[PDB]
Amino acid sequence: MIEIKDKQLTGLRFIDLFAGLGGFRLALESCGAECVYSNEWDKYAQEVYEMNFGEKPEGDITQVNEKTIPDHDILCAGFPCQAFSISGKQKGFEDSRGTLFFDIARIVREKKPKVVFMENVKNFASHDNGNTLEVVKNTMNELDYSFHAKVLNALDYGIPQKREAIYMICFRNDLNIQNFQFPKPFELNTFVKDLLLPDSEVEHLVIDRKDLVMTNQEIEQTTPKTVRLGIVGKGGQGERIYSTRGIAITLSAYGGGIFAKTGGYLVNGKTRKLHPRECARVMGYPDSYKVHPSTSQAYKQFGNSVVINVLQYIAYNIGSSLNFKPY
C-alpha cells in the first residue's frame, strides 16, 4: 500500500462492516482513523482478521441490533457482490446474498454517521438497467446523504491489476460537503513480474498441461494492460495464461478453472497460478499482513477483497473534504 504522511482522518472513528481481510481497516487506519467495530460472519475470514487485528468480528449482520453498533463517523462496507457480478446469475436483490445493503441502510438510519463508504463490482453500476444502483442512491438520499458513485480501475492507482469496482461515497446533508472528488489517475510503473516471488518458493504451484496452447509471443516492454499468451482447456475462466510483463487480471473469490481464482501466468516458461502472498501484493496488501493458513480460503479472501491503494486515496479525499471548514 502507499504511505500517507499527514493523516486526514485523525480523530475520526469507523466501522468495518463485511470486514473480510480488513481492507477498509488498513486503508482508513493509515489516514488516522480509529476502528470501533467490525463485522464478518465467515469462520475463515474471521480467523485472518484475528491474526492481523487481534480481534474477532461479530457474526451475521442481519441479526445484529443496529442499536448495538458503536457510534462512529465513517461506516465502511464492501457488501457481497456475487449477485450483481458479470460472472454470476445477476439475480441481484432477488438473491440471498443480493440484499445486505438494506442492512447497511438499516444501520445508517440508526447511527447517522457523517460518511458512508461502500464498495462493489463495476457491473453493479449498470445491473438491472441501472435501476439497482438507483435504489442505493434513492435509499441514501432518503436517509439524508448526498451520493457520489464511480467505477475505478486499480491499474490507474499504481496497482498492476485490471480490477474494476464501483465506489460510493456518501456525506450527510447537514455537512453540506460539496468538494468531494475521486482520486485522479496516474501512470502505472509496477507490473506483475515486480511482485512475484523467487520461483524457488512456488515450484509447487507450477502446472504442465499437454493441452497448453500459446496464442501470442512474449512481449518485450511492460504495459498497463493484460496481455494473454496462451490458453489451456477451452480457455474459459481460469484457463487463460497471461504475461508477467503486463498486468494481473481480476482475482475472484469463487472463480473456477484449473488456475482457479488467480489466473495463469507464464513465469520462467513455467505455467502457473499466483501464490497467496503475490495476491496480497496484487491487492496492495503489506507483506506484514498474515495470510490465512488455508490457501484455498486465502485466494478466496483476496478474491473478494479490495485494493488497499485505491481505498487510501479515496479515504484521503474524504478527509480533505471533511477538513475544509472555512468561515
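Numbering starts at 1 and follows the sequence shown.
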{"item": "Between the two ranges 203-211 and 78-86, the one averaging a larger CA B factor in the entry", "value": "203-211"}
{"item": "Mean temperature factor over C-alpha atoms, higher-scoring stretch between 192-200 and 159-167", "value": "192-200"}
{"item": "Member of 221, 120, 237, 250 with the greatest C-alpha B factor (per the PDB record)", "value": "221"}
{"item": "Lowest, middle or highest third - CA B-factor, residue 297", "value": "lowest"}
{"item": "Residue 105 by Cα B-factor - lowest, middle or highest third of the modelled chain", "value": "middle"}
{"item": "Within-chain third of residue 70 by Cα B-factor, per the entry", "value": "highest"}
{"item": "Record-listed C-alpha B factor of residue 39: chain third", "value": "lowest"}
{"item": "Record-listed C-alpha B factor of residue 125: chain third", "value": "middle"}
